[PDB]
Amino acid sequence: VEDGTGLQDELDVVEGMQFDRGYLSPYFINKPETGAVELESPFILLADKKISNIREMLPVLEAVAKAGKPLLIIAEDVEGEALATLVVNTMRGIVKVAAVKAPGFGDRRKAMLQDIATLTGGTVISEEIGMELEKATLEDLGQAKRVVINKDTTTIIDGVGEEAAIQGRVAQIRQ
Amino acid sequence: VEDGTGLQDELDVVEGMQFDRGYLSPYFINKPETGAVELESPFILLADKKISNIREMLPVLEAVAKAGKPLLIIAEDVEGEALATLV
Amino acid sequence: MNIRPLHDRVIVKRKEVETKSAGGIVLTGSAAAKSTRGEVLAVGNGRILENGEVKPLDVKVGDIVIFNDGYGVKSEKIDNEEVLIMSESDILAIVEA
Amino acid sequence: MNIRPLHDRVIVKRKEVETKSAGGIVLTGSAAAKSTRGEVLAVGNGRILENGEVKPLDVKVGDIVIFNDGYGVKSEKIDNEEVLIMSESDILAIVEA
Amino acid sequence: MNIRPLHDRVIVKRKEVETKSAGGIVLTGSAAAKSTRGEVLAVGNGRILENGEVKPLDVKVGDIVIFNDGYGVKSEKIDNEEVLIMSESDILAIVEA
Amino acid sequence: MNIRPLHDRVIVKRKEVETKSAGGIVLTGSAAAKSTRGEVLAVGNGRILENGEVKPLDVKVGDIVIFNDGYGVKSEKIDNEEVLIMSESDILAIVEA
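Here the numbering of residues is sequential along each chain, from 1 in written sequence order, and it may depart from the entry's numbering. Residues without coordinates do not appear. Following the order in which they are written, the chains are lettered starting with A and the ligands numbered starting with 1. Because the shown chains make up only part of a larger assembly, each value pertains to the shown part and nothing beyond it. By convention in this description, side-chain values take in all heavy atoms of the structure and omit both hydrogens and water.

- Per the deposition metadata, cryo-EM was the technique used to determine this entry, at a resolution of 3.43 Å.

Written out as C-alpha cells, the structure is:
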C-alpha cells in the first residue's frame, strides 16, 4: 500500500518481472509520445561488472546487428563511450538497442540477476563466474517477448526460459 | 543456551569438529537443494598465510586433480584468482 | 609546395581517422582511432650516414604506409593538408604479407 | 596485404593466449598469460647498418617464435589478424635445444 | 626444442636455488638465495656486430656458469624447465682461478 | 675454481676492510672503511671490441689493485672467498708514482 493523492483508492498489479530502474539515455526512447523504449522480440544481456568498453564488447554487438532483433543491456556502470555510440547506432538506425542500470547494489543484485537469467533462457555473463564477456555467442543471451522502459521503470514480458527450471529456481528460493 | 523463537525448547548436538565459517563462493555448492557443498572422501589442506596465488600453488593442485578425491582449502585470505579458477 | 623534403625524412598523409564501419558492421561512436596507416606524399631521397655516398631511401613516394606514431613524427599542416614529417626509419611497415 | 614488411623488422602472430591446460591437467582461470612464443608471418629482408650491403636477416618466415615483449614490439591488427611488428633483434629465441 | 637459440644469446639453467647446507653445516631457512651460478644449455653461435663475419661466441654449451642477474636476463619456462635467456655478454664468469 | 674468468673482466679480492691503525696510531672504531685497494686473482685475457683480434688486457694477475667501487663491480663469494667481478676498465689504478 502507498499514499495515492486521488481521493479514491486504485489498485495496480504489475505483470511479470519488473525492476525499478530506467533508461540510461533519453535518446534511447524509440516511442516519444509514450516517452518509453519499446523493444519487440528483444534479446537480453545480463552482464557482470562495470562496462565502459564497447571497445572490447564489439564482436557480440556485430553479431546482434547482423541478427536484427533488438537488444537490452543490463549492467552496473556505463559511460557515454557506450551511450553516444549506441545513439550513433540507434538514432541513425544501424542497430536497435537500449540500456538500464542494474537494480539495488551488492551480492543481492547478483542473486537477482540469476533469477532473470533463468527466466529469460539466458545467462549471467561474467568474468568472475568464468566467461570473457566478448566471447559470448547469440545463444548465450536470454530472450523474451517485449520490454518497455521509462525513467523510473523497467518491465519484461514473458520469458524464453524453461518452465521446470523456473519452477525449480522458485522452489530453490522457497528453501 | 541461546534464544530460540519456537515456543518449545529444542536441543541440537553438533557432531565432531565444526567451525563457524562458510563457503567463500555460492558457486561452490554441489548440492543446490541442500544449499550446501558435500565432499565425500575429501583431502584437507590446512594452510598458513594469505593465498591468492593459484599461480604458485598449481603442482599440488595438479596432483589432486589426477588423484580424483575432492579437496577442502582452509585459508586466511582468498581472491577471485582462486575462486573463479576453482569455479 | 613546402620549401625542399628533408634528407632521410618522409612526408605522409595519415591514411584515415576512424574507419567508421567497425568490423564492417557497427557504426562506431568515439573510437578516436587515428590510423597508424598512412600514404607517402614525399621522400628525403638519401641518407648521408657513415660519411658515404647518399644511401638510397628504402622505398619510394606514392605507396600507402604503416608508421609508428612517435616524438620523431611531427604534425605539420603543409598548405591546407595535415601531413606528418618523420625519418624514413620511423615507419614500421608498408605490405609484407 | 598491409603496404611493404619494414627493413630489419619482423611480423609475427603471438603463438597463443593461454595454453589452457596448465601442467597438461588443471583448466586455468585468469592466468592472463600472453605467450612470449609467436609465429613469423613476414621478414624485413635485410639490415643496411654500417653503410654496407644489406646484411641478410638472421632466419626466415614460417617458423614459430620466442620474442621479448617490449616497447619496440608494436601491436597492429593488420587486416582482421592481430600481428606484432618489431625489429628482428627484439626476438630472444626460436628452438635452440 | 623451443623454435632456433637467438644470435649472440645463451640459454642457461640457474645452477641452484638455495645450496641448503649453509657453510656446509647449518640448514638455512629462507635465504631466498637464487644462485648467480648457472649451467649453459644452448649458445647463439655467432655475433654479427661491426658488419663482419659472425664472430664466434666466447665459449660453448655444456659448461656450468656465473651470470649477472639483469633486465637482459629473461625468465622463460621452455618446455617444463625454467631457463634464462640473455646475451652471452651478460655472463660475469664461468672458472677463472 | 669457479666455471671460465669472463672476457675483458677481472677477479680481485678487496685488499682489506679497515686498516685498523688509523694514521698508524689510533685504533679506529667503526670507520666502516671498505678499501678501494684490491688484489688481482684472475684476468679476462682479452677484449674483442671493434671486431679485431683479442686486444690483450692492460696488465696481469698477481698484482695488488686500486678500483672504483661501482654498479659494474659485482660482489660474488666464489668458493669461501669474497671476490669482486668487474670489467678491467673499472679499475682506477694499480702503482703509478
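Next comes the rest of the write-up.
Regarding the nonpolar core
All names here are of chain A.
Part 1 of the reasoning: Remark: nonpolar core denotes a set of buried residues (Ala, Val, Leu, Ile, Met, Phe, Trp, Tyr, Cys) joined through side-chain atoms within 4.5 Å. Think of it in three bands: residues with accessible area under 20% of the maximum for their type are buried, residues over 50% are exposed, and the middle band is partly exposed, with areas taken using a 1.4 Å probe on protein chains only. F28, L45, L71 and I74 are the most contacted members of the largest nonpolar core, which has 47 residues in total.
Part 2 of the reasoning: Labels follow the DSSP assignment, with helices taken as runs of H or I lasting at least four residues and strands as runs of E lasting at least two, numbered in each case from the N terminus. In terms of residues, this core owes the most to one element, helix α1 (residues 54–67), which gives seven residues.
Part 3 of the reasoning: Contacts between residues were defined by any pair of non-hydrogen atoms, one from each residue, lying within 4.5 Å. Apart from the residues lying within four places of it in its own chain, the contact partners of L71 are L39, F43, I44, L45, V64, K96, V97, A98 and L141.

Some points on the pairing of strand β8 (residues 74–78) of chain C
Residues and elements named next belong to chain C.
Part 1 of the reasoning: We treat two strands as partners when DSSP finds at least two bridges between them. Relative to strand β9 (residues 81–87), β8 runs antiparallel, the two being bridged by five bridges. Within β9, the position partnered with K77 by the bridge is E82.
Part 2 of the reasoning: Hairpin connection, β8 to β9: the antiparallel pair is bridged by two residues, and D79 has positive phi, about 55 degrees.

Remarks on the interface of chain B and chain D
Quite often, the size of an interface is put as the accessible area lost when its parts meet.
Part 1 of the reasoning: The partner chain D presents 10 residues to the six residues of chain B that form the contact.
Part 2 of the reasoning: Both sides together, the interface formed by chain B and chain D hides about 580 Å², and carbon and sulfur atoms give 63% of it.
Part 3 of the reasoning: By definition, the buried area sums, over both parts, the 1.4 Å-probe accessible area that each loses when the two are put together. Contact with chain D buries surface across chain B, with B:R55, B:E62 and B:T85 losing the most and accounting together for 68% of the total.
Part 4 of the reasoning: Between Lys or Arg on one side and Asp or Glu on the other, a salt bridge is scored when a side-chain nitrogen of the former is within 4 Å of a carboxyl oxygen of the latter. Along the contact surface separating chain B from chain D lie zero salt bridges.
Part 5 of the reasoning: N or O atoms closer than or at 3.5 Å make up a polar contact, with two conditions inside protein: a donor-capable atom paired with an acceptor-capable one, and, for residues adjacent in sequence, both atoms drawn from side chains. Seen at the junction of chain B and chain D, the total is three residue pairs in polar contact.
Part 6 of the reasoning: Here the element with the most residues in the side of chain B that touches chain D is helix α1 (residues 54–67) of chain B; it accounts for five residues.
Part 7 of the reasoning: Classes in brief: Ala, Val, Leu, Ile, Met, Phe, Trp, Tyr, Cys and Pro nonpolar; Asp, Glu, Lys and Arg charged; the others, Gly included, polar. A per-class count over the side of chain B that touches chain D returns three nonpolar, one polar and two charged.

A few points about the pattern of salt bridges
Part 1 of the reasoning: This model, assessed by the stated rule, comprises 35 salt bridges over all chains.
Part 2 of the reasoning: The salt bridge partner of C:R37 is D:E76, with a shortest N-O separation of 1.7 Å. One end of the pair, C:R37, is in strand β4 (residues 37–43); the other, D:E76, is in strand β8 (residues 74–78), on a second chain.
Part 3 of the reasoning: Close ionic contact of F:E18 with F:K20 constitutes a salt bridge, the shortest N to O distance being 2.6 Å.
Part 4 of the reasoning: The partly exposed category is assigned to F:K20, whose relative accessible area is 34%.
Part 5 of the reasoning: Three or more residues joined by partner-sharing salt bridges are found here, namely A:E76, A:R109 and A:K110.

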